[PDB]
Amino acid sequence: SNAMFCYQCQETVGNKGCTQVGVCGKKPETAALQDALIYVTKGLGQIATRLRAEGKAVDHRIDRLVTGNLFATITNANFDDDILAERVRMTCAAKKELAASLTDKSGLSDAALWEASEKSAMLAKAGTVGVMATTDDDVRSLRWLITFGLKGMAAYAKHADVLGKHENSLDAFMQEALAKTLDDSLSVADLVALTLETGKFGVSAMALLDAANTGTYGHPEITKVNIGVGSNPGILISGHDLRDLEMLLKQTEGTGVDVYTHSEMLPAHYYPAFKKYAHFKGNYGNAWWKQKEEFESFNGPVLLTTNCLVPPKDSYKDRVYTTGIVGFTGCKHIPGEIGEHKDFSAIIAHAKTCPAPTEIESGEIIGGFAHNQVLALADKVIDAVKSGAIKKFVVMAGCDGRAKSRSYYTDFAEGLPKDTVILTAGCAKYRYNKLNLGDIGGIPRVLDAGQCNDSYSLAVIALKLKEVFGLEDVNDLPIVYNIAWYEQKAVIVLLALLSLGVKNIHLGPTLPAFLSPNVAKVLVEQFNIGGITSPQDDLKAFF
Ligand code: SF4
């Protein structure tokens, strides 16, 4: 018997699933608590949906619990059994009262009704509501593909909500989509249709977050980020939440403590607003998976606003602060999951007692090519395509990971002819944002759109070129898609691309284990998805 079963991220054991201990570090019991949190949440999804159907209101506070639950179960997000158990209790209470409000409490699934307050009971319930619970291969593949897509969506929705932006149609769809993954009467065609609709709402979440980020901190602009370090003690902030960064910087003003970014917080450097704080140093390190090394050589406090957090080493566990839905037993947690005021004076005091950062690289990188910035260079990018200056755009956005086969992406980018342009977003950029690919007619051969949620800009840019060149099919543009994925956020980006009609997508370093043969077949026949081989072989085939 398996102590657990999880295959939501690309590093899943044998690309089949984790049964004893997650490669990520997630323990059997933590994964069980996560399986219960999802079940009762979907259960809460059905209740909130029935209420809206009866014409009744559902306070937004409910939409926040749902998103918080989902996000907390994303890879490298929360490993704290105490916070998961309590969130399971919170969800049981919440759904128990919303359901009291219904008029016709009929047909409510088990997930909607079941409840427990004792951790031991939650672990038993989990043992029968996890993945395996769905027998039929094709319907399981689709139910979990949507659920993961819904995890990524929720995360983007929460960051938009943290900035005060939220749409009722988004929260309503999410909650209804979750309720449908428990419906035994949905055909496979229904689930395929729901997979595409999810992708659609995927585009909405990213568009909602794009607006929230840009509206509060300005449109990203061409920026030069220093990757070297200073001499003052500092705090390294990681993740994707920009709100926490505004508070951290306002509060670190005048204390002598500098602020650095890590992994997916690099893009914050691209915003005009944050450029007004003198103590906002550079971006330290690379993708998340090198944090055991980089968090250590940074010497100062490390703030994790979201995933990806790798189980800490004792050498720096004491200076690791989590916040929002992030969590690790033994690591100090700063309360706040809705952009409310956060008190970072403890982490700022802690930094004054730490050695300044130990430099590991010097120089700088260019970035800030989001939709608003590239559209302003449109005519210039278009004259380059027309003249043959830029023979091909290569989208390599996505998420990075530990797999050493990912050296592929570094060789791919390194081997591309010098008349091509790489478009990136997401921490997958680290595999090649530190090389020297030069430029084409003054346009960098690596255009960083931003975070993974900024794949949205790459999408906008493409639709724009299709309009300009008056093409009927977006796929007729000189764009090759060589995307890398890791967790559920990369999975909602993919479904967004599929809903937008983008085809010929190459996914790697491997294809999701939760994609069953027949389901994988449809992706191949309808959107022509493919995997990768050698960088030299694909540099020939892909073109
Ligand atoms: S999140 Fe990935 S590594 Fe961790 S248990 Fe899941 S599938 Fe395995």
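Residue numbers run from 1 in the order of the sequence given. Values below: all heavy atoms of this structure, side chains included; hydrogens, waters and symmetry mates excluded. First listed ligand is number 1; within each ligand, the first listed atom is number 1.
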Original post:
Does ligand 1 have an atom under 4.0 Å from some heavy atom of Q8?
Top reply: yes
Subject >> Where ligand 1 meets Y7 - atom numbers and elements under 4.0 angstrom, heavy-atom basis >> reply: 7 (S)
**OP:** Run the numbers for me: atoms of ligand 1, each under 4.0 Å from some heavy atom of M4, listed by number.
**Re:** 5 (S)
Original post:
Do any of the N/O/S atoms of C18, backbone or side chain, fall under 2.8 Å from atom 8 (Fe) of ligand 1?
Top reply: yes
**OP:** Tell me, please, which residues at least two apart from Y409 pass ring pair (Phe, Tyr, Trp, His ring centres under 6.0 Å).
**Re:** none
Subject >> Nearest option to atom 4 (Fe) of ligand 1, as decided by whichever heavy atom of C24, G22, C6 sits closest >> reply: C24
**OP:** Could you confirm whether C9 has any N/O/S atom lying under 2.8 Å from atom 2 (Fe) of ligand 1?
**Re:** yes
Original post:
Out of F295, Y284, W288, which residue meets the ring pair (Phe, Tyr, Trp, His ring centres under 6.0 Å) rule with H262?
Top reply: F295
**OP:** Sequence neighbours left out, what pairs pass salt bridge (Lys or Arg N to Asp or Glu O under 4.0 Å) with at least one residue falling in residues 65-87?
**Re:** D81-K119, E86-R89, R87-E337
**OP:** Check for a donor-acceptor pair, side chain of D35 on one end and backbone N or O of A32 on the other, with a separation under 3.5 Å.
**Re:** no
**OP:** Taking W485 for its side chain and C399 for its backbone only, find out whether a donor-acceptor pair lies under 3.5 Å.
**Re:** no
